[PDB]
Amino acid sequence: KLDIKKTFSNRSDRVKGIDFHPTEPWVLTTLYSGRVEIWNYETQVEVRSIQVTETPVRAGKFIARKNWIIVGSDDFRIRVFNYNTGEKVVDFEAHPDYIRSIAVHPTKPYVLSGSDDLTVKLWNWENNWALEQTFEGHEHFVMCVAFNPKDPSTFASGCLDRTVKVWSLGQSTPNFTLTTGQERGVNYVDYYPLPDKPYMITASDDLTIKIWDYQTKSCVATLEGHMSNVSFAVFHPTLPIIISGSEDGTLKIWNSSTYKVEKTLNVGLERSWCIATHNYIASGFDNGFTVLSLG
């Protein structure tokens, strides 16, 4: 029940992070080679290409209310560029180890970064990028951080320690810790966006995707079928589907009501690493990225 069309594919070096601009028809990509790119996926014309560092850049988001992109790299630094002027406007060492994930608060001037240093950190760009809090307690690399879109005073961290921790700004330890049973770790965590379900979702190298009710703390469903590490899984914001991507080279679209697979796509770009949703979706791979239209 889903007409998947190809919008824009671009060959490049390995794409580790990806994000959609909320009002311009752009995607940001952050590459293994240290370059970051902004592309207009409608005109298929590059808007910016910047060599940021010599190391991988794994995390990248738009902060469109400031005309920014924010990126985090394996050289331990967070950098911000104004995409209208092209200029770097902030640059600081954020962690003493790799940055895996950056999340931006939807209404407040807060950024979270998750790191191989076992922490999440909260930065305030209206307080000279002050470190406002460090969230400690995970036992392995923090792979993914996400605000709860229904209450962004809380957020989740997914970690190779096999847990998700849900935290509140200004509170010392987690609201709660979810033990996932994904014994090879958690690579990704995402929240269901709409009010009807208090659900979250996790992806693992153990080849499973798990859906969680964060109120009951129970596992609602397990989605299996990928044949290698599952890099991500997310709920689509407007369609009743889940989209996952794997080192098996496939994207899978799952029915979010039935928890069964609907489509498996091999877009021919080798391993999948990252995802964004705008009914556009975009994913980064070993050999470039693709933007797809669903409806």
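Residues carry their position along the shown sequence, with the first being 1. In this text, rigid core is short for the largest set of C-alphas that superpose within 1.5 Å between two forms.
- Of 184-192 and 82-90, the stretch whose C-alpha atoms sit farther from the shown form in 4 other deposited structures of this protein, after fitting on the rigid core, is 82-90.
- According to the entry, the deposited sequence places 4 to 9 unmodelled residues between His278 and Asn279.
- The deposited model assigns a higher average Cα B-factor to 45-53 than to the other stretch when 45-53 and 59-67 are compared.
- For the pair 260-268 and 241-249, the mean Cα B-factor is higher in 260-268.
- The entry assigns its greatest Cα B factor, within the set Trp129, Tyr192, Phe155, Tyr188, to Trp129.
- Of the residues listed, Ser204, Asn148, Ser101, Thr85, the entry assigns the biggest Cα temperature factor to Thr85.
- Among the modelled residues of the chain, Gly72 sits in the middle third by CA temperature factor in this PDB entry.
- Per the PDB record, residue ranking by Cα B-factor puts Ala233 in the lowest third of the chain.
- In the PDB entry, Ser113 places in the lowest third of its chain by CA B-factor.
- Per the PDB record, residue ranking by Cα B-factor puts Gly225 in the highest third of the chain.
- The entry lists a Cα temperature factor for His95 that places it in the middle third of the chain's modelled residues.
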